[PDB]
């Protein structure tokens, strides 16, 4: 709820034709603008050329936004989501005037689903905190995904980077007799892939041993 209201008060800049792929066989592009009665998805044409093949259309949808703005989005059909060719995108106001131009590569705009099954335990010997987790559901090329872990003290900024492929993390500099909340996020790795960090996964809290 807090984060909800936190978003409402935020500050956005200029509108952008934003695009992303969740699994490497889809693509959703969108943008947002203010309302205007008589302005529905039919007013815009989202066309897209793709590696010398003919331009094609994408049916635009309209959805409401918590901040009172409307967003228009198109999701490309599976067959047109090749991961390494220059997809050109074009959007025009029925009045002829162009709204956006953007040439992207699907592999360059990855935004995965957050990781799952984050579980936490203490190492049998040391007693340190050992973190394990599984990669985002139904997503390919797992060994190419790097992560980042956030460690909060029930403190200060502590975020551990995790070499791509590895879904385990053992922490050792933690105070004893303390509750720590962890949460991990994912990202496609270079150089083949590029994109954005995912949302955080459901968190887990855990006490540390009395003395270490």
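Positions refer to the first chain, counted from 1.
- Among other compared entries that model residues flanking residue 179, every one gives it coordinates, keeping it clear of the one-third cutoff.
- Coverage remark for residue 39: absent from the model in at least one third of the other entries compared whose chains are built on both sides.
- Counting the unmodelled positions of the deposited sequence between residue 154 and residue 155 gives a small gap of 1 to 3 residues.
- Mean CA temperature factor is higher for 10 to 18 when stretches 10 to 18 and 194 to 202 are set side by side in the entry.
- As listed in the deposited structure, the average C-alpha B-factor of 172 to 180 and of 27 to 35 is greater for 172 to 180.
- Considering 85, 76, 110, 97 together, the PDB entry gives 97 the largest C-alpha B factor.
- Sort the modelled residues of the chain by CA B factor and residue 127 lands in the highest third.
- Per the deposited record, the Cα B-factor of residue 161 falls in the middle third when ranked against the other modelled residues of its chain.
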